[PDB]
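Coordinate analysis (summary)
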Amino acid sequence: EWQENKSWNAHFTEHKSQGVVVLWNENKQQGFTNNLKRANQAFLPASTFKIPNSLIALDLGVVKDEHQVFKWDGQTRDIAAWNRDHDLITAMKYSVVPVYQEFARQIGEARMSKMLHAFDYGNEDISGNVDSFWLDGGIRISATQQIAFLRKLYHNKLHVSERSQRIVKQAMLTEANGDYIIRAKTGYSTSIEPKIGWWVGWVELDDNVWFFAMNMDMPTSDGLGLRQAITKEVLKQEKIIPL
Amino acid sequence: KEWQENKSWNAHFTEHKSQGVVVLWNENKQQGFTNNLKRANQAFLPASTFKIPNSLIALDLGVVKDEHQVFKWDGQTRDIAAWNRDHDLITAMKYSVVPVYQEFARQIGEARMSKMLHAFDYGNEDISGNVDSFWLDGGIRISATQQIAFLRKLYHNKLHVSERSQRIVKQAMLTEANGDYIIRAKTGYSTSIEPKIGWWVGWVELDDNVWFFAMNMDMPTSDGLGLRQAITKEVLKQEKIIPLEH
Ligand SMILES: [Cl-]
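Residues numbered from 1 in each chain as written, not as in the entry; some residues may be left out. Chains lettered and ligands numbered in written order. Heavy atoms only, no water.

Going by the header, the method for this PDB entry is X-ray crystallography, and the resolution given is 2.2100 Å.

Going by what the PDB entry lists, chain B is known as Beta-lactamase and is assigned to Escherichia coli. As recorded in the PDB, the entry bears the title "CRYSTAL STRUCTURE OF OXA-232 BETA-LACTAMASE". Note on chain B: under the UniProt heading Catalytic activity (unreviewed entry), the record states "a beta-lactam + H2O = a substituted beta-amino acid". Under Sequence similarities (unreviewed entry), UniProt gives the following word-for-word description of chain B: "Belongs to the class-D beta-lactamase family." (UniProt positions renumbered as here; feature names shortened; annotations may be inferred.)

Looking at the PDB entry, one finds chain A named Beta-lactamase and attributed to Escherichia coli. What the UniProt record of chain A gives under Catalytic activity (unreviewed entry) is the line "a beta-lactam + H2O = a substituted beta-amino acid". Its UniProt record gives chain A the following Sequence similarities (unreviewed entry) comment, quoted word for word: "Belongs to the class-D beta-lactamase family."

Put into structure tokens, the structure is as follows:
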């Protein structure tokens, strides 16, 4: 069952923004959103694709473990954090596109397509370059479809090893304290209009888990911090996380 | 296994009207540091820090199916309100729920508990006393340097249990995380046998290094319990391992 909560629009309006927040209460099996139409609108996943890409790379043995070093290729790029060696944890933390591009080339088109079909991920279409389809290719996913996929990963129900699903949930670790744990992934789609920002994941509490998926219009990179800020405003309103 | 003494850390114990030891291990450099080499090697009851090897054993034996399995409250009201409810492995660890772990120990049994602690080379490997209380009032003893030795094996999945068991326990140990560091740790509070002490053992994961830690301090009254984390964080901040506020 899906419910609309238009009061969340105050959080978009106050941050001079436009977008959608989708929440799922695991215990109650009830979904909530400020906009049912935008919740079901499909977009490029951008770097949120690092979640299924990590799972495939791990199950195939392209990535041995979360410690394996993928050395810098020597090419200087715009993001200074990419111009160094990384493992799965830091490549995920710093959204290191060149590391994941290399994984995709090693996975190859045939295995990427067929394995992504097993996850029923979005439109299941990998059209375009094997190493850029999630940034400028044919793949599309909605915020409600991000929740559907994330719930399977939470329960180890994706058709991949339990081990790979545990490593990826560890690599997704964003924040933790004595009140809650956040496992999530950011995304930033710039190649095809509309330019959007993503934040997808979940909040683990003592007696419940709240799944979330958000996307917002992102005309300039100076609004990137609003992906987390707007989501945290909604979570605080719903008393999911403290003030 | 080279060890260096840093007596400047004593300022943190004295200023807090306290006494104890902090032991650090720099994984990349394979170098240890402590304010007191003698106390670093002094063995004590592990108290609730034993929830780390006990969880590993319970999962490996199938006593605990997964980190989601509910261990229902027995109905007996205890002093700690957080214990008087149902728990899974994550919350029993978070709230140090002794009655849940006592039940695990009874299900594991003496023979398997001893064999496992022997295969882990855990402290003095002595489980003398009640099978469900030996880590609180029995014969088991472990030092802060031995806590580091054991924690380093767990970090590298080198203990003699399944990789899965080791991953679940490292997840249950999750204490704090942000964009600067991750802390995986366990607190302990030994009160049954003198000297009453406080424990904080675990590690700090950084982007390009891991810092293992083990601390214990004298704990005559429970009002000093927060100093276990506060004194360790003061040492980590001094060594620039974690930021001041950033
Ligand atoms: Cl974790």
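Considerations on the overall build of chain B
The secondary structure content of chain B amounts to 10 helices and 7 strands. Here the C-alpha radius of gyration of chain B, 17 Å, is about what a compact globule of 246 residues would show, namely 18 Å. Along the first, second and third principal axes, the C-alpha set of chain B runs to 45 × 35 × 35 Å. A total of 246 residues make up chain B; the buried ones form 54% of that total. For chain B, the proportion of contacts with a sequence separation of at least 24, taken over those separated by at least 6, is 60%. When the accessible surface of chain B is totalled, it reaches about 10700 Å², and 48% of it is carbon and sulfur. Here chain B holds 29 positive side-chain charges and 30 negative ones, and the gap between their average locations is 1 Å. (Helix = DSSP H or I, 4+ residues; strand = E, 2+ residues; numbered from the N terminus. Rg over C-alpha atoms; globule rule 2.2 N^0.38 Å. Buried < 20%, exposed > 50% of the residue type's maximum accessible area, 1.4 Å probe, protein only. Contact = heavy atoms within 4.5 Å. Areas by Shrake-Rupley, 256 points an atom, 1.4 Å probe, with all protein chains shown as cover. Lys, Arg positive; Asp, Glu negative; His and termini not counted. Charge placed at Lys NZ, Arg CZ, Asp CG, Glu CD.)

Examining helix α5 (residues 98-108) of chain B
Residues and elements named next belong to chain B. Restricting attention to buried positions, one finds in α5 the residues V98, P99, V100, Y101, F104, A105 and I108. Summarising the contacts, the buried residues of α5 are in contact with α3 (51-60), α4 (89-94), α6 (110-119) and α7 (134-137). Looking one or two places after α5, you find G109, whose phi comes out positive at around 85°.

A short note on the pairing of strand β7 (residues 209-217) of chain A
Residue and element names in this part refer to chain A. By the criterion of burial, β7 is predominantly enclosed, with 8 of the 9 residues buried. Bridge analysis of strand β2 (residues 19-25) against β7 gives 7 bridges, and the strand direction is antiparallel. From the neighbouring strand, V20 faces β7, where its bridge partner is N215. Across 9 bridges, strand β6 (residues 196-204) lies against β7 in antiparallel orientation. (Pairing = 2+ DSSP bridges.)

Describing the interface of chain B and chain A
Across the boundary between the two partners, chain B contributes 22 residues, which contact 22 residues of chain A. Three residues stand out in chain B for area buried against chain A, namely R167(B), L174(B) and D207(B), and they jointly supply 32% of the buried area on that side. Seen at the junction of chain B and chain A, the total is 6 salt bridges. Its salt-bridge partner being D207(B), residue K93(A) comes within 2.9 Å of it at the nearest N-O pair. Inspection of the chain B/chain A interface yields 13 residue pairs in polar contact. (Buried area = accessible area lost by both parts, 1.4 Å probe. Salt bridge = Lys/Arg side-chain N within 4 Å of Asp/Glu carboxyl O. Polar contact = N/O pair within 3.5 Å; in protein donor to acceptor, adjacent residues only side chain to side chain.)

With respect to the UniProt feature "active site" (unreviewed entry) in chain A
Residues and elements named next belong to chain A. Here, the residues flagged by UniProt with the feature "active site" (unreviewed entry) are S47. Among the secondary structure elements, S47 is positioned in the loop between α2 (36-39) and α3 (50-59). Look at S47 and you get buried, because its relative accessible area is 8%. Beyond its immediate stretch of four places on either side in the chain, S47 contacts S95, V97, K185, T186, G187 and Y188.

Quick word on the UniProt feature "active site" (unreviewed entry) in chain B
Residues and elements named next belong to chain B. Per the UniProt annotation, the sites labelled "active site" (unreviewed entry) are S48. Residue position: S48 is located in the loop between α2 (37-40) and α3. In this view, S48 contacts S96, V98, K186, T187, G188 and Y189; residues no more than four positions away in its chain are not counted.

Concerning the packing of helix α8 (residues 143-154) of chain A against helix α9 (residues 162-171) of chain A
When two helices pack together, their arrangement is given by the angle between their axes and by how far apart the axes lie. Residues and elements named next belong to chain A. Taken N-terminus to C-terminus, the directions of α8 and α9 make an angle of 115°; their axes are 9 Å apart at the nearest point. Mapping the contact onto sequence places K152, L153 and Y154 in α8 and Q165, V168 and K169 in α9. Along the lines of polarity and charge, the residues of the contact of α8 with α9 split into 3 nonpolar, 1 polar and 2 charged. (Axes fitted to C-alpha atoms, helices over the stretch in contact; angles between N-to-C directions. Nonpolar A, V, L, I, M, F, W, Y, C, P; charged D, E, K, R; others polar.)

Some remarks on unusual backbone geometry
Across the junction of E193(A) and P194(A), the peptide omega takes the value 0°, indicating a cis bond. As for its placement among the helices and strands, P194(A) is situated in the loop between β5 (181-189) and β6. Omega for the bond connecting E194(B) with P195(B) falls within 30 degrees of zero, at 0°, which places this linkage in the cis form. Following the sequence through the fold, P195(B) ends up in the loop between β5 (182-190) and β6 (197-205). Of note in the backbone geometry, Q29(A) takes a positive phi value of approximately 55° without being a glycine. Mapped onto the elements, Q29(A) comes out in the loop between β2 and β3 (30-33). What makes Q29(A) partly exposed here is its relative accessible area of 37%.

A short note on the packing of aromatic side chains
All names here are of chain B. Per the stated rule, a full pass over the model turns up 30 aromatic pairs over all chains. Note on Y122 and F150: the rings are 5.1 Å apart at their centroids and 90° apart in plane angle, and the pair reads as edge-to-face. One end of the pair, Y122, is in the loop between α6 and α7; the other, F150, is in helix α8 (residues 144-155), and 28 residues separate them in sequence. When its relative accessible area of 0% is taken as the criterion, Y122 is described as buried. In this structure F150 comes out as buried when scored by relative accessible area, which is 2%. When the ring of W200 is compared with that of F213, the centres are 4.9 Å apart and the planes differ by 50°; the resulting orientation is tilted. (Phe/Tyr/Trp six-rings, centres within 6.5 Å; stacked < 30°, edge-to-face > 60°.)

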